[PDB]
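Undergrad: Submitted below is the structure of interest, expressed as structure tokens.
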Amino acid sequence: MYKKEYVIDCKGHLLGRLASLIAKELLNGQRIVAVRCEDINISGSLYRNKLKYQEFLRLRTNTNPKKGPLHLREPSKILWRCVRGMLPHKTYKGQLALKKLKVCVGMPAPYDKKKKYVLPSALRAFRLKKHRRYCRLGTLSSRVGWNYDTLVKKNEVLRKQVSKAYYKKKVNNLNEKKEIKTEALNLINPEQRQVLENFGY
Amino acid sequence: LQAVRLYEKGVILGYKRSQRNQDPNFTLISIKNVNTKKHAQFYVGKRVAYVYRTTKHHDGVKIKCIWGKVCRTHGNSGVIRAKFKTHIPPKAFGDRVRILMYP
Amino acid sequence: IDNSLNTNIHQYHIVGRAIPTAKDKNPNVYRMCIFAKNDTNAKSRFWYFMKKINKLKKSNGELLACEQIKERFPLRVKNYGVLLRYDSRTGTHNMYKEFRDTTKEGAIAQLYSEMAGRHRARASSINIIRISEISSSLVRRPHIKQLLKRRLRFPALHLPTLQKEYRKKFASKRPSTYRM
Amino acid sequence: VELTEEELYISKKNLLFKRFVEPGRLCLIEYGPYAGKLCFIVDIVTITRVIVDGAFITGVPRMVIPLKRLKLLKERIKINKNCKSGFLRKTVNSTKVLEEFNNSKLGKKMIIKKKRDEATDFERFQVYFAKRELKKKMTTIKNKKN
Amino acid sequence: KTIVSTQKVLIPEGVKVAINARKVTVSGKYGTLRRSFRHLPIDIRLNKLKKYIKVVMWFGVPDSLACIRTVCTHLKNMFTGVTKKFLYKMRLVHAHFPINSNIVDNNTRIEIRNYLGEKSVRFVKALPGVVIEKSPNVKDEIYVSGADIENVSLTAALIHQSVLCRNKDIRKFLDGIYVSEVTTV
RNA sequence: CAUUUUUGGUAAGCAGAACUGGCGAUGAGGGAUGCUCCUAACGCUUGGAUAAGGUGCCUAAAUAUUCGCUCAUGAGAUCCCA
RNA sequence: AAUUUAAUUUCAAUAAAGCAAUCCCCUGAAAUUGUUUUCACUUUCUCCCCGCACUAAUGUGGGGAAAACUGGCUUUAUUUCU
């Protein structure tokens with residue numbers, strides 16, 4: 001885009017679309033912090049996805065697994081791998097795009113202070129029917145033993161509660177700003193005040 | 001503040017590629033606001049300036065410029081073809097460009 | 001006018017006859033109405049039927065008329081019954097279907113869509129033998145019987161889509177599905 | 001017999017479902033040549049598609065569209081099912097639905113946006129200047145409050 | 001297919017409901033029962049004053065009709081459970097060996113000894129809120145009771161599954177504890 | 001070598017014929033890749049608009065529109081083509 | 001962004017009149033070669049009866065009426081109200 005850092009809250013987003021939108025932006029040019037990446041959705045079922053990951057694990061090398069593939073277990077790394085698949089990563093242009101991507105499970109607090117964006121076409125609600133089975137990427141990762149989950153669960157809750165305290169304070173501040181604005185709208189010269197009202201204040 | 005910019009922002013994308021084929025005569029430009037052919041058509045004839053920073057003093061200065069002009073779209077989402085007076089470098093792909101308000 | 005929901009399948013009334021000969025001192029004139037995407041297609045289907053029924057190929061006859069046939073009341077929705085001969089991979093079948101639509105042409109487009117979608121039958125493998133307006137009480141399809149109820153007022157329940165301009169790449173907050 | 005205080009009970013139901021595809025309900029087109037225009041629901045062709053008919057104000061003919069292309073509004077006017085353009089004009093003029101829409105928050109956001117879109121260069125400066133006067137006064141009031 | 005499918009579900013007089021956003025909760029004399037139906041996307045609405053619930057689905061398919069009939073049956077079971085606990089009477093059958101049924105942990109875990117003369121212990125703990133009592137009236141009978149038909153049945157199934165033989169003929173050897181009679185208090 | 005007709009041989013990316021078109025002697029664009037399939041035959045350049053073919057990303061254009069059908073505890077997905 | 005005069009069973013209002021009520025612009029269902037004749041079909045936020053809240057519903061299942069607002073036809077003028 002046209003901004004230093006996009007932060008993306010990746011909860012409720014569907015894997016392929018989330019990856020594709022991120023990738024084209026990286027190619028266009030953008031540093032992108034993918035945040036909250038266990039709450040990504042895969043469209044398959046839990047068993048079906050477990051089967052797919054089983055096939056992925058089965059793929060290795062006869063020769064020497066020291067020169068084998070990487071079976072990354074982090075849900076963030078799973079997204080990263082998918083984005084890597086959607087990049088020409090054996091190039092320099094692809095490598096630069098690859099370097100621009102940053103991935104994190106849960107909300108890292110320096111980037112929770114920052115604004116979070118979402119990708120509106122990529123939500124589970126948006127492109128999947130209600131009555132058709134799906135599975136959360138963190139749930140699948142837990143099933144195949146990533147197991148760094150409870151710590152994040154505790155951390156996210158603590159962050160969210162503080163965010164509630166922050167939100168109420170923000171609401172308090174905004175309400176007070178509205179109150180002073182409405183009072184001091186009277187003090188404006190009539191014509192100017194009428195113009196400002198006309199254009200939506 | 002002190003400066004007033006008086007252009008709109010863009011991103012110099014690649015040259016006018018097609019799958020596994022290159023045309024270097026035409027360059028592809030992303031203009032920040034646009035997302036349609038119809039909206040892009042408003043800006044179609046405008047003069048475009050690529051300004052860039054260098055290591056040594058040239059004519060006493062470390063800033064240089066390439067000029068081009070927008071001329072036709074490259075898609076329904078308003079990504080636009082621009083023809084330049086000399087080809088812009090692949091080194092400058094993903095860099096910023098200035099789209100002037102004239103003619 | 002439209003190109004956002006448009007059907008280019010139209011109906012043509014076509015008339016032709018046998019060339020006069022010593023044997024055929026008084027010809028027989030033949031008329032038919034035919035649904036086609038263009039006049040050449042309409043004529044070729046008319047000619048194919050003239051060949052299938054009669055001994056008359058394009059060479060043996062002369063065209064008296066071809067004209068597109070005009071919708072009486074386009075604002076009114078009507079109950080069309082349509083009778084088919086179609087070919088499957090392993091056989092030929094007859095079928096009789098009901099569609100409520102504004103016009104016969106919309107119904108034929110709908111029929112090709114239905115046969116293609118549900119049966120894999122291409123336009124080439126379908127033959128409409130009669131499409132006509134019929135009474136509402138005589139429909140056999142439950143989905144059309146449901147429309148014909150006194151009070152029709154369902155909730156809409158579909159996704160937003162907008163258009164290209166306001167088709168944003170990213171968003172600050174998550175969308176509202178309900179829309180109210 | 002008829003409702004007495006059961007009238008309150010039916011009134012004060014909390015039912016989610018609203019904005020039914022009733023004949024004469026106002027709808028905002030979101031796609032196609034006539035996008036951004038308001039229109040009434042006449043007929044229902046099928047599950048996907050409906051017969052829509054513009055307001056005389058909005059300038060959209062009677063026509064089939066998919067329901068998916070509409071964003072339904074709260075207001076609805078009850079009419080007989082067979083009605084055409086004269087009666088629709090007479091009814092719309094009677095019921096003054098566009099005023100209700102203007103009052104409505106979505107309508108209000110749209111009309112404010114429309115003014116802002118059409119605003120001239122001097123008008124734009126005047127909005128800037130007015131906000132600047134407001135901030136000066138408002139900050140002075142913030143000084144006042146402590 | 002259909003545009004509209006409905007159901008009108010009678011509610012007993014004493015039921016204390018709390019069913020918002022398809023998280024159904026019913027309370028009554030024997031307990032508060034909570035059971036989500038949020039996977040099922042239907043418009044159950046309550047009526048307090050004239051009792052009953054009205055369930056309606058928009059744009060039904062036979063799958064949806066199956067869901068409506070299933071939910072109404074399930075809801076009725078929830079009402080039935082809180083009003084009167086579901087009791088699964090399980091008879092213990094043996095043709096040779098005394099099988100010793102010793103209820104421990106305040107009616108929460110039945111200890112079973114001596115299936116097919118095994119001289120060993122099978123302990124089978126119940127699920128939450130399902131009490132395992134024995135019958136004073138009939139020596140082989142065991143009462144499995146609780147507010148939910150599914151948990152009591154599952155508890156009974158666990159008891160059957162725990163008992164059953166590996167490899168001595170199923171036709172020949174009939175011994176074990178089975179569900180005779182499904183009732184309520 | 002290919003389509004179509006075709007003989008022998010269980011069959012064969014097998015042997016043997018017929019008509020025509022290719023390759024050989026041929027770049028170029030597509031067919032994911034590929035001597036032969038499809039599009040199409042070539043001085044050097046500029047611009048246009050198209051073909052075969054595409055338009056989720058790699059990878060250029062639609063997460064286009066529109067109606068059906070489709071959930072698979074090894075689904076399916078562009079002739080030759082596995 | 002448009003535009004000209006033709007062509008092709010193309011309207012829609014405007015406000016005064018009339019005309020018919022399962023009736024009509026229509027559309028059904030019936031008794032080589034043409035006719036032509038039969039009765040079937042609208043609305044309602046109108047009214048009534050039974051079921052009295054029995055409904056998906058700011059109503060309702062069944063049974064009946066009422067009208068011509070709605071639609072349809074015949075007119076008379078009118079077209080930048082539309």
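Each chain of the structure tokens is named A, B, ... in the order shown, its residues numbered from 1; ligands are numbered from 1 in display order.
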What are the residues of chain G lining chain C at 10 Å or less? Count only C-alpha atoms (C1' of nucleotides), and put the answer as a PDB file with N, CA and C atoms (P, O5', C5', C4', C3', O3' and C1' of nucleotides), in the first residue's frame.
TA:
ATOM      1  P     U G   8     -42.980  -0.621 -40.661  1.00  0.00           P
ATOM      2  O5'   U G   8     -42.770  -1.674 -39.511  1.00  0.00           O
ATOM      3  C5'   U G   8     -42.111  -2.943 -39.743  1.00  0.00           C
ATOM      4  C4'   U G   8     -41.516  -3.493 -38.440  1.00  0.00           C
ATOM      5  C3'   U G   8     -42.489  -3.471 -37.248  1.00  0.00           C
ATOM      6  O3'   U G   8     -43.385  -4.610 -37.318  1.00  0.00           O
ATOM      7  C1'   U G   8     -40.306  -2.682 -36.617  1.00  0.00           C
ATOM      8  P     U G   9     -44.941  -4.446 -37.621  1.00  0.00           P
ATOM      9  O5'   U G   9     -45.628  -4.707 -36.210  1.00  0.00           O
ATOM     10  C5'   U G   9     -47.047  -4.364 -36.137  1.00  0.00           C
ATOM     11  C4'   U G   9     -47.625  -4.447 -34.711  1.00  0.00           C
ATOM     12  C3'   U G   9     -46.612  -4.254 -33.587  1.00  0.00           C
ATOM     13  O3'   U G   9     -46.303  -2.848 -33.432  1.00  0.00           O
ATOM     14  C1'   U G   9     -48.014  -6.100 -33.111  1.00  0.00           C
ATOM     15  P     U G  10     -45.076  -2.483 -32.509  1.00  0.00           P
ATOM     16  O5'   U G  10     -45.793  -2.445 -31.100  1.00  0.00           O
ATOM     17  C5'   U G  10     -45.424  -3.318 -30.013  1.00  0.00           C
ATOM     18  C4'   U G  10     -45.162  -2.532 -28.722  1.00  0.00           C
ATOM     19  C3'   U G  10     -46.154  -1.410 -28.384  1.00  0.00           C
ATOM     20  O3'   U G  10     -47.364  -2.003 -27.888  1.00  0.00           O
ATOM     21  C1'   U G  10     -43.918  -0.720 -27.964  1.00  0.00           C
ATOM     22  P     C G  25     -61.108  -8.878 -23.165  1.00  0.00           P
ATOM     23  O5'   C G  25     -60.552  -7.410 -22.894  1.00  0.00           O
ATOM     24  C5'   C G  25     -59.934  -6.629 -23.945  1.00  0.00           C
ATOM     25  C4'   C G  25     -58.389  -6.578 -23.878  1.00  0.00           C
ATOM     26  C3'   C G  25     -57.631  -7.884 -24.130  1.00  0.00           C
ATOM     27  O3'   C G  25     -57.616  -8.168 -25.531  1.00  0.00           O
ATOM     28  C1'   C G  25     -56.689  -6.787 -22.282  1.00  0.00           C
ATOM     29  P     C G  26     -57.639  -9.657 -26.058  1.00  0.00           P
ATOM     30  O5'   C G  26     -57.226 -10.632 -24.842  1.00  0.00           O
ATOM     31  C5'   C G  26     -55.959 -11.341 -24.894  1.00  0.00           C
ATOM     32  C4'   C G  26     -55.065 -11.393 -23.621  1.00  0.00           C
ATOM     33  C3'   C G  26     -54.769 -12.827 -23.158  1.00  0.00           C
ATOM     34  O3'   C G  26     -53.741 -13.408 -23.993  1.00  0.00           O
ATOM     35  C1'   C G  26     -55.335 -11.539 -21.282  1.00  0.00           C
ATOM     36  P     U G  27     -54.056 -14.711 -24.843  1.00  0.00           P
ATOM     37  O5'   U G  27     -53.892 -15.931 -23.869  1.00  0.00           O
ATOM     38  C5'   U G  27     -52.729 -16.169 -23.064  1.00  0.00           C
ATOM     39  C4'   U G  27     -53.112 -16.816 -21.725  1.00  0.00           C
ATOM     40  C3'   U G  27     -53.928 -18.122 -21.801  1.00  0.00           C
ATOM     41  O3'   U G  27     -53.101 -19.253 -22.151  1.00  0.00           O
ATOM     42  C1'   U G  27     -54.903 -16.704 -20.210  1.00  0.00           C
ATOM     43  P     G G  28     -53.445 -20.134 -23.433  1.00  0.00           P
ATOM     44  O5'   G G  28     -53.934 -21.490 -22.733  1.00  0.00           O
ATOM     45  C5'   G G  28     -55.295 -21.614 -22.272  1.00  0.00           C
ATOM     46  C4'   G G  28     -55.355 -22.188 -20.843  1.00  0.00           C
ATOM     47  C3'   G G  28     -56.296 -23.399 -20.697  1.00  0.00           C
ATOM     48  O3'   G G  28     -55.567 -24.648 -20.705  1.00  0.00           O
ATOM     49  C1'   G G  28     -57.140 -21.621 -19.421  1.00  0.00           C
ATOM     50  P     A G  29     -55.801 -25.683 -21.851  1.00  0.00           P
ATOM     51  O5'   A G  29     -57.124 -26.396 -21.378  1.00  0.00           O
ATOM     52  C5'   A G  29     -57.206 -27.028 -20.082  1.00  0.00           C
ATOM     53  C4'   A G  29     -58.659 -27.365 -19.700  1.00  0.00           C
ATOM     54  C3'   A G  29     -59.524 -28.059 -20.784  1.00  0.00           C
ATOM     55  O3'   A G  29     -59.384 -29.495 -20.745  1.00  0.00           O
ATOM     56  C1'   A G  29     -60.662 -26.180 -20.023  1.00  0.00           C
ATOM     57  P     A G  40     -68.527 -21.903 -14.456  1.00  0.00           P
ATOM     58  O5'   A G  40     -67.008 -21.552 -14.809  1.00  0.00           O
ATOM     59  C5'   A G  40     -66.026 -22.609 -14.844  1.00  0.00           C
ATOM     60  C4'   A G  40     -64.579 -22.090 -14.659  1.00  0.00           C
ATOM     61  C3'   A G  40     -64.234 -20.628 -14.265  1.00  0.00           C
ATOM     62  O3'   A G  40     -64.602 -20.227 -12.928  1.00  0.00           O
ATOM     63  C1'   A G  40     -62.824 -21.281 -16.016  1.00  0.00           C
ATOM     64  P     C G  41     -63.848 -20.309 -11.545  1.00  0.00           P
ATOM     65  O5'   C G  41     -62.505 -19.510 -11.785  1.00  0.00           O
ATOM     66  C5'   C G  41     -62.206 -18.135 -11.517  1.00  0.00           C
ATOM     67  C4'   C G  41     -60.814 -17.758 -12.091  1.00  0.00           C
ATOM     68  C3'   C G  41     -60.493 -16.254 -12.219  1.00  0.00           C
ATOM     69  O3'   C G  41     -60.088 -15.673 -10.967  1.00  0.00           O
ATOM     70  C1'   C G  41     -60.235 -17.237 -14.335  1.00  0.00           C
ATOM     71  P     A G  56     -47.540 -21.169  11.978  1.00  0.00           P
ATOM     72  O5'   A G  56     -46.813 -19.881  11.366  1.00  0.00           O
ATOM     73  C5'   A G  56     -45.822 -19.266  12.231  1.00  0.00           C
ATOM     74  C4'   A G  56     -45.200 -17.999  11.637  1.00  0.00           C
ATOM     75  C3'   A G  56     -46.132 -16.887  11.147  1.00  0.00           C
ATOM     76  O3'   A G  56     -46.873 -16.210  12.160  1.00  0.00           O
ATOM     77  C1'   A G  56     -44.406 -17.158   9.617  1.00  0.00           C
ATOM     78  P     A G  57     -46.641 -15.992  13.686  1.00  0.00           P
ATOM     79  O5'   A G  57     -47.339 -14.593  13.911  1.00  0.00           O
ATOM     80  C5'   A G  57     -46.610 -13.377  14.188  1.00  0.00           C
ATOM     81  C4'   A G  57     -46.433 -12.441  12.970  1.00  0.00           C
ATOM     82  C3'   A G  57     -47.688 -11.671  12.495  1.00  0.00           C
ATOM     83  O3'   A G  57     -48.054 -10.548  13.307  1.00  0.00           O
ATOM     84  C1'   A G  57     -46.628 -12.640  10.651  1.00  0.00           C
TER      85        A G  57
END
Undergrad: Residues within 9 Å of residue 56 (chain E), please, as a count of residues only. Count only C-alpha atoms (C1' of nucleotides); anything in the same chain fewer than 5 positions from it doesn't count.
TA: 11
Undergrad: Define the interface residues of chain D facing chain F as those within 12 Å, counting only C-alpha atoms (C1' of nucleotides), and report them as a PyMOL selection string.
TA: chain D and resi 31-32+46-49+65-66+68-69
Undergrad: Please produce an output containing C-alpha atoms for each residue in the selection, written as a compact mmCIF listing (two decimals), in the first residue's frame.
TA:
# COMPACT_ATOMS: atom_id res chain seq x y z
CA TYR D 31 -24.81 -3.09 -8.27
CA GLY D 32 -25.45 -2.65 -12.04
CA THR D 46 -38.26 -16.65 -8.20
CA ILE D 47 -36.03 -17.22 -5.13
CA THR D 48 -33.07 -15.24 -6.61
CA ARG D 49 -35.01 -12.60 -8.59
CA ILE D 65 -33.07 -7.92 -10.79
CA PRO D 66 -31.67 -10.43 -8.32
CA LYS D 68 -28.81 -9.98 -3.99
CA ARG D 69 -28.41 -6.59 -5.72
Undergrad: Which residues are near residue 21 (chain F)? Cut-off 12 Å, only C-alpha atoms (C1' of nucleotides), ignore same chain within fewer than 2 positions. Put them as a PyMOL selection string.
TA: chain F and resi 1-4+19+23+36
Undergrad: Emit the selected residues as a PDB file, in the first residue's frame, including C-alpha atoms (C1' of nucleotides).
TA:
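out06.pdb, freshly written:
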ATOM      1  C1'   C F   1       4.109 -38.105 -36.682  1.00  0.00           C
ATOM      2  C1'   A F   2      -1.141 -36.906 -36.757  1.00  0.00           C
ATOM      3  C1'   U F   3      -6.563 -37.160 -38.180  1.00  0.00           C
ATOM      4  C1'   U F   4      -9.730 -40.381 -41.052  1.00  0.00           C
ATOM      5  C1'   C F  19      -5.825 -40.002 -48.565  1.00  0.00           C
ATOM      6  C1'   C F  23       7.777 -32.522 -38.759  1.00  0.00           C
ATOM      7  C1'   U F  36       5.219 -33.205 -33.871  1.00  0.00           C
TER       8        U F  36
END
Undergrad: Measure the distance from CA of residue 32 (chain A) to CA of residue 100 (chain A) in Å and round it to one decimal.
TA: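 So the answer is 6.6 Å.
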Undergrad: Check every residue of chain C for an atom within 9 Å of chain E, counting only C-alpha atoms, and provide those that qualify as a compact mmCIF listing (two decimals) with N, CA and C atoms, in the first residue's frame.
TA:
# COMPACT_ATOMS: atom_id res chain seq x y z
N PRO C 142 -43.60 -27.73 -6.86
CA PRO C 142 -43.88 -27.17 -5.54
C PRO C 142 -43.31 -25.79 -5.38
N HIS C 143 -42.17 -25.51 -6.03
CA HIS C 143 -41.44 -24.27 -5.90
C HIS C 143 -42.18 -23.11 -6.54
N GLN C 146 -45.51 -22.48 -4.21
CA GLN C 146 -45.10 -21.63 -3.11
C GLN C 146 -45.15 -20.14 -3.43
N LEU C 147 -44.78 -19.74 -4.66
CA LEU C 147 -44.90 -18.37 -5.12
C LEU C 147 -46.36 -17.93 -5.20
N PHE C 154 -40.90 -13.22 2.43
CA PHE C 154 -39.72 -13.77 3.07
C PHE C 154 -38.61 -12.75 3.42
N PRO C 155 -37.79 -12.97 4.44
CA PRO C 155 -36.55 -12.22 4.63
C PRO C 155 -35.52 -12.51 3.55
N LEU C 157 -31.94 -12.37 3.26
CA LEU C 157 -30.87 -13.27 3.69
C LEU C 157 -29.79 -13.63 2.66
Undergrad: Could you jot down the CA of residue 80 (chain A) to CA of residue 19 (chain A) separation for me, Å, one decimal place?
TA: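 Interatomic distance, CA of residue 80 (chain A) to CA of residue 19 (chain A): 8.2 Å.
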Undergrad: At most 9 Å is the cut-off: for each residue in chain A with any atom that close to an atom of chain F, write down the nearest atom pair and the distance in Å rounded to one decimal, counting only C-alpha atoms (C1' of nucleotides), chain first then increasing number, as a tab-separated table.
TA:
residue	atom	partner	partner_atom	distance
A:16	CA	F:56	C1'	8.3
A:17	CA	F:56	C1'	7.3
A:19	CA	F:57	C1'	8.1
A:20	CA	F:57	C1'	5.0
A:21	CA	F:57	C1'	8.0
A:23	CA	F:57	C1'	7.2
A:24	CA	F:57	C1'	7.3
A:47	CA	F:73	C1'	6.6
A:48	CA	F:73	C1'	7.0
A:51	CA	F:73	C1'	8.3
A:83	CA	F:57	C1'	8.8
A:85	CA	F:58	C1'	7.1
A:86	CA	F:58	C1'	4.8
A:87	CA	F:58	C1'	5.3
A:88	CA	F:58	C1'	6.1
A:121	CA	F:63	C1'	7.7
A:122	CA	F:63	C1'	8.8
A:132	CA	F:71	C1'	7.5
A:133	CA	F:71	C1'	8.3
Undergrad: Write a file of the selected residues as a PDB file, in the first residue's frame, keeping N, CA and C atoms.
TA:
ATOM      1  N   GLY A  16      -6.498 -19.736   2.353  1.00  0.00           N
ATOM      2  CA  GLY A  16      -6.104 -19.418   0.988  1.00  0.00           C
ATOM      3  C   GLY A  16      -6.261 -17.980   0.569  1.00  0.00           C
ATOM      4  N   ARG A  17      -7.455 -17.409   0.784  1.00  0.00           N
ATOM      5  CA  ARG A  17      -7.716 -16.012   0.504  1.00  0.00           C
ATOM      6  C   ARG A  17      -6.865 -15.058   1.322  1.00  0.00           C
ATOM      7  N   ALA A  19      -3.866 -15.671   2.637  1.00  0.00           N
ATOM      8  CA  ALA A  19      -2.573 -15.792   2.031  1.00  0.00           C
ATOM      9  C   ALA A  19      -2.450 -15.028   0.718  1.00  0.00           C
ATOM     10  N   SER A  20      -3.387 -15.233  -0.225  1.00  0.00           N
ATOM     11  CA  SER A  20      -3.360 -14.573  -1.520  1.00  0.00           C
ATOM     12  C   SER A  20      -3.384 -13.056  -1.470  1.00  0.00           C
ATOM     13  N   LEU A  21      -4.278 -12.466  -0.663  1.00  0.00           N
ATOM     14  CA  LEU A  21      -4.336 -11.041  -0.459  1.00  0.00           C
ATOM     15  C   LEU A  21      -3.069 -10.464   0.155  1.00  0.00           C
ATOM     16  N   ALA A  23      -0.017 -11.901  -0.072  1.00  0.00           N
ATOM     17  CA  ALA A  23       1.026 -12.111  -1.048  1.00  0.00           C
ATOM     18  C   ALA A  23       1.080 -11.037  -2.131  1.00  0.00           C
ATOM     19  N   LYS A  24      -0.078 -10.674  -2.718  1.00  0.00           N
ATOM     20  CA  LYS A  24      -0.141  -9.667  -3.756  1.00  0.00           C
ATOM     21  C   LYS A  24       0.292  -8.312  -3.222  1.00  0.00           C
ATOM     22  N   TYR A  47     -10.981 -33.949  10.798  1.00  0.00           N
ATOM     23  CA  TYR A  47     -10.433 -35.208  10.340  1.00  0.00           C
ATOM     24  C   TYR A  47      -9.749 -35.087   8.986  1.00  0.00           C
ATOM     25  N   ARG A  48     -10.434 -34.469   8.010  1.00  0.00           N
ATOM     26  CA  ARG A  48      -9.898 -34.233   6.688  1.00  0.00           C
ATOM     27  C   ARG A  48      -8.591 -33.450   6.687  1.00  0.00           C
ATOM     28  N   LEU A  51      -5.828 -35.726   8.233  1.00  0.00           N
ATOM     29  CA  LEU A  51      -5.395 -36.502   7.091  1.00  0.00           C
ATOM     30  C   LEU A  51      -4.422 -35.754   6.178  1.00  0.00           C
ATOM     31  N   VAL A  83       1.879 -18.629   2.312  1.00  0.00           N
ATOM     32  CA  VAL A  83       2.278 -17.411   1.618  1.00  0.00           C
ATOM     33  C   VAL A  83       3.540 -17.623   0.784  1.00  0.00           C
ATOM     34  N   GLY A  85       4.553 -20.487  -0.617  1.00  0.00           N
ATOM     35  CA  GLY A  85       3.926 -21.148  -1.758  1.00  0.00           C
ATOM     36  C   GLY A  85       3.327 -20.235  -2.809  1.00  0.00           C
ATOM     37  N   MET A  86       2.815 -19.078  -2.381  1.00  0.00           N
ATOM     38  CA  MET A  86       2.208 -18.072  -3.215  1.00  0.00           C
ATOM     39  C   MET A  86       3.194 -16.958  -3.573  1.00  0.00           C
ATOM     40  N   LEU A  87       4.502 -17.218  -3.424  1.00  0.00           N
ATOM     41  CA  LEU A  87       5.557 -16.310  -3.799  1.00  0.00           C
ATOM     42  C   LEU A  87       6.607 -17.066  -4.612  1.00  0.00           C
ATOM     43  N   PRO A  88       7.466 -16.389  -5.370  1.00  0.00           N
ATOM     44  CA  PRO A  88       8.487 -17.067  -6.154  1.00  0.00           C
ATOM     45  C   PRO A  88       9.761 -16.984  -5.348  1.00  0.00           C
ATOM     46  N   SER A 121     -13.203  -9.728   2.333  1.00  0.00           N
ATOM     47  CA  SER A 121     -13.647 -10.806   1.471  1.00  0.00           C
ATOM     48  C   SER A 121     -13.196 -12.168   1.959  1.00  0.00           C
ATOM     49  N   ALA A 122     -12.223 -12.203   2.886  1.00  0.00           N
ATOM     50  CA  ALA A 122     -11.542 -13.415   3.264  1.00  0.00           C
ATOM     51  C   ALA A 122     -12.099 -14.059   4.523  1.00  0.00           C
ATOM     52  N   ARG A 132     -21.967 -26.065   6.166  1.00  0.00           N
ATOM     53  CA  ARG A 132     -20.866 -26.862   5.665  1.00  0.00           C
ATOM     54  C   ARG A 132     -19.691 -26.791   6.627  1.00  0.00           C
ATOM     55  N   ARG A 133     -19.116 -27.965   6.965  1.00  0.00           N
ATOM     56  CA  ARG A 133     -18.064 -28.114   7.955  1.00  0.00           C
ATOM     57  C   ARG A 133     -16.762 -27.375   7.648  1.00  0.00           C
TER      58      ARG A 133
END
Undergrad: If the cut-off is 10 Å, can you tell me the residues of chain D near chain E, counting only C-alpha atoms? I'd like them as a list in words.
TA: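 The answer, sorted by residue number, is residues 6, 9, 10, 13, 14, 15, 16, 17 and 47 of chain D.
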Undergrad: Let me see the file: selected residues, N, CA, C and O atoms, as a JSON list (two decimals), in the first residue's frame.
TA:
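What follows is the written file out_34.json:
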[["chain", "number", "residue", "atom", "x", "y", "z"],
["D", 6, "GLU", "N", -53.00, -7.44, 25.57],
["D", 6, "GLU", "CA", -52.28, -8.33, 24.69],
["D", 6, "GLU", "C", -51.71, -7.58, 23.49],
["D", 6, "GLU", "O", -50.72, -7.97, 22.88],
["D", 9, "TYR", "N", -48.26, -6.69, 24.49],
["D", 9, "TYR", "CA", -47.47, -7.89, 24.39],
["D", 9, "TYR", "C", -47.00, -8.19, 22.96],
["D", 9, "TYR", "O", -45.81, -8.37, 22.73],
["D", 10, "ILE", "N", -47.91, -8.19, 21.96],
["D", 10, "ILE", "CA", -47.54, -8.29, 20.55],
["D", 10, "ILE", "C", -46.63, -7.17, 20.05],
["D", 10, "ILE", "O", -45.67, -7.40, 19.32],
["D", 13, "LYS", "N", -42.83, -7.58, 21.54],
["D", 13, "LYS", "CA", -42.00, -8.67, 21.06],
["D", 13, "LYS", "C", -40.65, -8.22, 20.50],
["D", 13, "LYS", "O", -40.51, -7.16, 19.89],
["D", 14, "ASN", "N", -39.61, -9.05, 20.70],
["D", 14, "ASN", "CA", -38.23, -8.69, 20.42],
["D", 14, "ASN", "C", -37.73, -9.39, 19.16],
["D", 14, "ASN", "O", -36.53, -9.59, 18.97],
["D", 15, "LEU", "N", -38.64, -9.80, 18.27],
["D", 15, "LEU", "CA", -38.32, -10.59, 17.09],
["D", 15, "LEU", "C", -37.29, -9.96, 16.15],
["D", 15, "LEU", "O", -37.39, -8.80, 15.75],
["D", 16, "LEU", "N", -36.24, -10.74, 15.80],
["D", 16, "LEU", "CA", -35.15, -10.29, 14.95],
["D", 16, "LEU", "C", -35.57, -9.99, 13.53],
["D", 16, "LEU", "O", -35.16, -8.99, 12.93],
["D", 17, "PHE", "N", -36.40, -10.87, 12.95],
["D", 17, "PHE", "CA", -36.80, -10.79, 11.56],
["D", 17, "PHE", "C", -37.64, -9.59, 11.23],
["D", 17, "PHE", "O", -38.65, -9.29, 11.87],
["D", 47, "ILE", "N", -36.82, -17.37, -6.34],
["D", 47, "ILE", "CA", -36.03, -17.22, -5.13],
["D", 47, "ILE", "C", -34.87, -16.22, -5.25],
["D", 47, "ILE", "O", -34.68, -15.37, -4.39]]
Undergrad: Determine which residues of chain B receive a DSSP assignment of strand (DSSP E or B), computed from the backbone, and state them as number ranges by chain.
TA: B: 8-15, 18, 21, 26-31, 47-53, 63-73, 80-84, 96-99
Undergrad: With only C-alpha atoms (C1' of nucleotides) considered, list every residue of chain F at most 12 Å from chain B, as a list in words.
TA: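 Going by the stated atoms only, the list reads residues 29, 30, 46, 47, 48, 53, 54, 55, 58, 59, 60, 61, 62 and 64 of chain F.
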